[PDB]
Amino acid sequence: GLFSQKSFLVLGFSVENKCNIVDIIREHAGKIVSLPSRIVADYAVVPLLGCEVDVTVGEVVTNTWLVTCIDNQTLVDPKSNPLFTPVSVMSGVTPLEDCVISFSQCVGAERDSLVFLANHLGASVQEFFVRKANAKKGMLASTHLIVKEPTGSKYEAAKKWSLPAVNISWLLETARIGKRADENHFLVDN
């Protein structure tokens, strides 16, 4: 099994989400530690923004890391993506309420967590990266493009329309400070 010889704790989820996460782990040979225990679990699966963890574990990881491992049939390093460990977000603030964000080169559970962060920070997320606003199509004008690497259809339009194309770390730095981070510090060309 994928998670064979691995023990897990599942914390911070509702009753229904916990069962889905529990069954997913067991279907891949994973072991579930029932608290309280003397077993130091290898992993503690927590929500993206984290939760209270009062038991010593090997690594605290998110549901996004878990689902990414299953989609790729590979035990992915939790340290290879900031979304695989709890994301620090300043609560009570919506610093991106003035933004209209479109994503590119983001697929799967990584995209869903990113869309979760953008909406949690007040932003409006659109599948389209448009020039100007078109009310007749339900589309608003775009303000930011979040891409991983240069090149691509949306990226070439961002340089052409003078709209900021930034890394994912701009979204994460915004979430940590509670203020809209400077796009010039997170441009993709640099």
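The numbering used is simple: start at 1 and walk along the sequence shown.
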query	finding
Stretch exceeding the other in mean C-alpha B-factor - 133-141, 64-72	133-141
Stretch with the higher entry mean CA B-factor, where the candidates are 11-19 and 177-185	177-185
Largest Cα B-factor, entry values, listed residues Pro36, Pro150, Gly122, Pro47	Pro150
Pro86 - Cα temperature factor, lowest/middle/highest third of chain	lowest
CA B-factor ranking of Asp77, expressed as a third of its chain	lowest
Cα B factor band for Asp98 (lowest, middle or highest third within the chain)	highest
Relative C-alpha B-factor of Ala118, binned into the chain's lowest, middle or highest third	lowest
Ranked C-alpha temperature factor of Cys51 among modelled chain residues, by third	lowest
